[PDB]
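Down below is the structure, laid out as structure tokens.
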Amino acid sequence: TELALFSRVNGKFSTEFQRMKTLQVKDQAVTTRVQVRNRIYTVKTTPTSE
Amino acid sequence: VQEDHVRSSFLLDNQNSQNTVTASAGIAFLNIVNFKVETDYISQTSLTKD
């Protein structure tokens with residue numbers, strides 16, 4: 001600010017603004033399935049075959 | 001004979017900080033009838049981790 005009635009009447013407003021908005025989302029999904037089946041039903045050769 | 005296990009794990013974080021700094025002035029009656037100074041400053045930080 002400034003004022004006077006004799007020699008020095010002025011005005012000033014050196015207003016400033018600095019804003020910096022930074023976001024950082026970071027998502028990481030990971031799925032891993034493994035599944036295994038087994039069956040048996042056995043068979044032998046007869047001990048007297050030719 | 002059948003069986004199964006489930007093991008969920010859920011770990012969440014957060015650090016939501018803040019700042020606010022302000023200054024001021026106002027030396028004004030003599031040799032300068034008016035000049036005013038004030039700065040402002042605000043900072044935020046919000047970090048979530050799950």
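Laboratory data are not the source of any read-out in this text; all were calculated from the coordinates shown. No Cβ is skipped: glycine too gets one built from the backbone with ideal geometry, and neighbour counts run over all protein chains shown.
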List, please: which pairs have Cβ atoms under 8 Å, are six or more places apart or on different chains, and start with a residue in the range B:34-47 that is more than 9 Å from chain A (Cβ to nearest Cβ) and end with one that is surrounded by 10 or more Cβ atoms within 10 Å (Cβ to Cβ) and not aromatic (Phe, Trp, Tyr)? B:37/B:25; B:37/B:26; B:38/B:25
Which numbered condition trips up residue B:42, out of (1) β-branched (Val, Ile, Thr); (2) loosely packed, with under 10 Cβ neighbours inside 10 Å; (3) within 13 Å of the chain's Cα centre (by Cα)? (2)
Just to verify a result, which residue in the range A:12-50, among those that are more than 42 Å from the chain's Cα centre (by Cα) and aromatic (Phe, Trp, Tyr), is surrounded by the most Cβ atoms within 10 Å (Cβ to Cβ)? A:13
Assuming residue B:11 fulfils every condition listed in (1) within 14 Å of chain A (Cβ to nearest Cβ); (2) within 22 Å of residue A:26 (Cβ to Cβ); (3) touching a residue at least 12 places away in the same chain (Cβ under 8 Å) apart from one, which condition is it? (1)
